[PDB]
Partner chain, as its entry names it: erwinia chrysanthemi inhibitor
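A lone chain, given as structure tokens: the form solved without its partner chain.
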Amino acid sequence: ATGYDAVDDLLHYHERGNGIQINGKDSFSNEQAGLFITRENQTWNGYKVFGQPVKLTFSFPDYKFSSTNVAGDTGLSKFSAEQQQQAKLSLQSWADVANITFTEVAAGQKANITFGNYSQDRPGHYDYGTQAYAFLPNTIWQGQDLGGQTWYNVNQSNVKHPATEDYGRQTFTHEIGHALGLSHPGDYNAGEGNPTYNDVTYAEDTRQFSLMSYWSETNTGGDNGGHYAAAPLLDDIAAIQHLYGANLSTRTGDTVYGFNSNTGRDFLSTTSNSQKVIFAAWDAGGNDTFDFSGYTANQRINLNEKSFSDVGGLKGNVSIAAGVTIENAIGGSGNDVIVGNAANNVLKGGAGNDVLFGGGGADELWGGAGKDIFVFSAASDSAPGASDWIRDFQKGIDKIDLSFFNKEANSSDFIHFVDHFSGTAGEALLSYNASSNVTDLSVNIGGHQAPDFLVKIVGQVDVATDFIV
């Protein structure tokens, strides 16, 4: 396959919405999913009151063991230090993406959101079957609002030890989601008490898209390698930003995600090949980098909004929220596909045989070691006055892929190299400056005397060996 083939594949990964069908189910857009996840229309600001900020209190009540909660469970207890630590990280991950402020109050004081353990379904009888539950805002029961109560079965090791068992951390984030107004992404009525993914309302009801889902990411072709996302995923972000607005203050500086991270978030960071990230990135400003340099797997990194990447040997485990511009990407030692966006991007392949695609804007492309391919598919990819730079081209090793153009023209003779321009569309001209070590690649795509495409290349280029046309 050409570099362009790989780029095209990654660009059309997890297409959604616009009425298409997936797995025999309706596909929802990110926006549609956010609305459906919030279909109960309940918020802490009121019924059908959307887009407004909120300040909420939370606490860890000192629940009495022989007490019985509103759901009929007993053997209650206070959250441990470990549970409190992880719950606070889950709270923060919601506050990162929407205009929610969380403030802890004392155990005995009235709080909007509470956390408690249960262990028995009736006195003296331990429950090994259930996991957790919570009540949405404005859930009125016997005249009282249950909204904000969250409850967890501490017999489950993941609930007891969420710092080392990542399903426990996901469960905290999930139940807080309910406490904020999110539902499961379907009611699964057709399942009649024994539901499966076959009972979803829309195809993207999986853990690839929402941690409010219980269905495996594999149902949509994801693969999280046995791990569970700690923090709100792509459609969760749409849902909670619908409810309380997008947080425009978050990570507005120059932010590095992955290796060498300055996020100060465990779920956005890694320090080793074995530590696998799973996240949907929310970022409100600055010049940002997806640094996946420390992974050995073949990776696919897409810097477009709402798009999915294959990172660290997982599939569809990294994504970028709607409205977010991520500028730079760094691949690992594997054979990577790296696709930029309309902004100026710095793309670095690292070792391995990589495919780089800058797209629009003035991009800076580093193949690194290996046999790399730099792909172009529009004049606007590298317009005179905003040219791409390929900063480390090695003749006889790297390649420039212009194959899109002759495929589109259905002609082997559209793109062709000449020693001088004539005005004929398709002409390509190489000009080598041995003094500066820079080669110019100019192409007349649109059919004018002045070329409308100019790539600047550090290094010699051998026309006989270095192109895919």
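The term rigid core refers to the maximal set of C-alpha atoms that superpose within 1.5 Å between the two forms. Residues that one form lacks are left out of the comparison. Numbering follows the first chain given and starts at 1.
What comes next is about the form deposited with its partner chain bound, which is not displayed.
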| query | finding |
| --- | --- |
| Which of 225 to 233, 357 to 365, 373 to 381, 140 to 148 sits within 4.5 Å of its partner chain in the deposited bound form, heavy atom basis | 225 to 233 |
| Contact assignment for its partner chain in the deposited bound form, among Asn317, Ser119, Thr289, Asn158, heavy atom within 4.5 Å | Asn158 |
| Listed residue that, although its partner chain is not shown, lies within 4.5 Å of it in the deposited bound form (heavy atoms), from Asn353, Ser293, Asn298, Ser216 | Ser216 |
| Every residue of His242, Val256 and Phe279 near its partner chain in the deposited bound form, heavy atom within 4.5 Å | no |
| Non-hydrogen atom contact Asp283 with its partner chain in the deposited bound form at 4.5 angstroms | no |
| Heavy atom of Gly108 within 4.5 Å of its partner chain in the deposited bound form | no |
| 4.5 angstroms heavy atom contact with its partner chain in the deposited bound form for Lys78 | no |
| Close approach of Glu175 to its partner chain in the deposited bound form, 4.5 Å, heavy atom | yes |
| Residues in 189 to 203 close to its partner chain in the deposited bound form, defined by a heavy atom within 4.5 Å, in order | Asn189, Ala190, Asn194, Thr196 |
| Displaced position between this form and the one not shown, chosen from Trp215, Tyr188, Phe135, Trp366 (C-alpha, 2 Å or more, rigid core) | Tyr188 |
| Pair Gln32/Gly191, Cα separation in the deposited bound form versus the displayed form, closer or farther by 3 angstroms or more | farther |
| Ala190 and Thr150, C-alpha gap in the deposited bound form relative to this structure (3 Å or more) | closer |
| Superposed on the rigid core, segments between this form and the one not shown of at least 3 residues with Cα shifts of 2 Å or more | 188 to 192 |
